Each structure stands twice: as C-alpha cells, then as structure tokens.
Amino acid sequence: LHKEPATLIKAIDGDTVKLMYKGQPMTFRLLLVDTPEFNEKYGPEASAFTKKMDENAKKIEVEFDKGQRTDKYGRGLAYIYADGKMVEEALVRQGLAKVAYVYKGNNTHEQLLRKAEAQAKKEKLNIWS
Ligand SMILES: Cc1cn([C@H]2C[C@H](OP(=O)(O)O)[C@@H](COP(=O)(O)O)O2)c(=O)[nH]c1=O
Ligand SMILES: [Ca+2]
C-alpha cells in the first residue's frame, strides 16, 4: 500500500472528512474504525480530535487498501495520514474510536489498530471509561 496526496477541504466528523483527491472533492470514510455519531457520547470529542489532527497537518495522505475503494454511499474508503500519522491509530489509541468494519479485502492495518485499542482499553480512556 502507498500513500497518495490529498488536501483537506473540510472536517465532517470523527471518521469522515472531505478531501480533495486527484483534483476532485470526495467524502472519505476512515477504514477499520467507528467513531460515535456527533450526538452520541464522545462524538463531539471524536469530531474535535480528527478536525484538529487534520487541520493542523501540513500534509494529508490517503492510503487505499487492497479491496473496495468506495462504499455503497460513494464515500472513498482509505486510511488517512496527517503528517505521516494514521488518524485511525490516533483516535483508537485515545479511546475515541473502536476498531470496526473489518472486511476481508480491506484489513491490512487491523492488528496495529487492535494493538492501539488494547492500550486505550487498559488505560480506560474515553470510550473505555
Ligand atoms: C467503514 C466502512 C463502512 N461501510 C458502510 C457499512 C455501513 O452500512 P450501513 O449504513 O448500511 O450501516 C456504514 C457504516 O458507516 P458509518 O459508521 O459512517 O455510518 O458504512 C462499508 O461499506 N465499508 C467500510 O469499510
Ligand atoms: Ca460512525
């Protein structure tokens, strides 16, 4: 897998972001995680976390996995990186997302994320508190 450029267009919520990719505006859904909806507990915190991470970043990159690149809703499915840091991993390490939606063709970074979840679980962070 390889990272490709994109630019922030706008924050949406904890696990969705509007990015420009290959010149075209697109909503991206972060692979392999589930943040709470904005109206759910830790939802606002998740949205804030991802907004800031993405806003502050000098450089956003997308990384498609091996499978499906767009979901049923037209959202691109990728891992997102902000200055080389995976947003999934950051969210999951803070207990602001669960590992989730792990489908067979598109699960390259499962265990990395699971490892992060375990440490958030142990620290009883946020979702785990
Ligand atoms: C993360 C991800 C979600 N989805 C779809 C499954 C879910 O369908 P349903 O809408 O039918 O529940 C929905 C969850 O996304 P959200 O958590 O953004 O709502 O998005 C995929 O199809 N592939 C994926 O890799
Ligand atoms: Ca969600």
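Along the sequence shown, residues are numbered consecutively beginning with 1. Values reported hereafter were calculated over all heavy atoms of this structure, with side chains retained and with hydrogens, waters and symmetry mates removed.
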Give every donor-acceptor pair under 3.5 Å between a side-chain atom in residues 92-110 and any protein atom, sequence neighbours left out.
from: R93; atom 1: NH1; to: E123; atom 2: OE1; distance (Å): 2.8
from: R93; atom 1: NH2; to: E123; atom 2: OE1; distance (Å): 3.1
from: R93; atom 1: NH2; to: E123; atom 2: OE2; distance (Å): 2.9
from: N106; atom 1: OD1; to: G67; atom 2: N; distance (Å): 2.8
from: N106; atom 1: ND2; to: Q68; atom 2: O; distance (Å): 2.8
from: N107; atom 1: ND2; to: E110; atom 2: OE1; distance (Å): 3.3
from: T108; atom 1: OG1; to: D65; atom 2: OD1; distance (Å): 2.5
from: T108; atom 1: OG1; to: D65; atom 2: OD2; distance (Å): 3.4
from: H109; atom 1: NE2; to: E63; atom 2: OE1; distance (Å): 2.7
from: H109; atom 1: NE2; to: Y81; atom 2: OH; distance (Å): 3.4
from: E110; atom 1: OE2; to: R114; atom 2: NE; distance (Å): 2.8
from: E110; atom 1: OE2; to: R114; atom 2: NH2; distance (Å): 3.1

Quick one: CD on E40 to CD1 on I127, what's the gap to the nearest 0.5 Å? 9.5 Å
Is it true that atom NZ of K121 has more than 12 heavy atoms of other residues, nucleotides or ligands lying nearer than 6.0 Å? yes
For residues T7 and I60, determine if any side-chain heavy atom of one lies less than 4.5 Å from a side-chain heavy atom of the other. no
How far does CD1 of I9 sit from OH of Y21, to the nearest 0.5 angstrom? 14.0 Å
Verdict with supporting geometry, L19 and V62, side chain to side chain contact (heavy atoms under 4.5 Å, CB included): CA-CA 9 Å; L19 303 177; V62 181; 3.8 Å; yes
Compute whether any side-chain donor of one residue and acceptor of the other, for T27 and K18, lie under 3.5 angstrom apart. yes
Are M86 and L113 side-chain neighbours, meaning at least one heavy-atom pair lies under 4.5 Å? yes
Is there a donor-acceptor contact under 3.5 Å linking the side chains of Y42 and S47? no
What's the separation between atom OH in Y79 and atom CD in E88, rounded to the nearest 0.5 Å? 7.0 Å
Taking all atoms of both residues into account, what is the closest heavy-atom pair of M53 and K85, and its distance? CE-O, 3.6 Å
Going by heavy atoms in the side chains, are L8 and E55 under 4.5 Å from each other? yes
Partners meeting salt bridge (charged side-chain N to carboxylate O under 4.0 Å, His left out) with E89 (sequence neighbours left out): none
Given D13, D71, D34, the one that forms salt bridge (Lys or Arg N to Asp or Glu O under 4.0 Å) with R29: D34
Quick one: OG1 on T70 to CZ on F28, what's the gap to the nearest 0.5 Å? 10.0 Å
I'd like to check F49 versus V87 (side-chain heavy atoms, cut-off strictly below 4.5 Å). Are they in contact? no
Heavy atoms of other groups near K122 NZ, more than 12 under 6.0 Å: yes
Test side chain to side chain contact (heavy atoms under 4.5 Å, CB included) applied to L91 and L30, step by step: CA-CA 11 Å; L91 279 164; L30 262 55; 3.9 Å; yes
Give the minimum heavy-atom separation between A82 and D54, together with the two atoms involved. CB-OD1, 4.2 Å
According to a 4.5 Å side-chain heavy-atom criterion applied to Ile, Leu, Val, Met, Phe, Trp and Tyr, with indirect links allowed, do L125 and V33 form part of one hydrophobic cluster? no
Within this structure, what is the CE-CZ distance for the pair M26 and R75, rounded to the nearest 0.5 Å? 11.5 Å
If you define the side chain from C-beta out and look only at heavy atoms, does anything of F64 sit under 4.5 Å from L31? no
Give the intermediate values and the outcome of side chain to side chain contact (heavy atoms under 4.5 Å, CB included) for residues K59 and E61. CA-CA 7 Å; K59 162 160 126 175; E61 296 167 275; 3.2 Å; yes
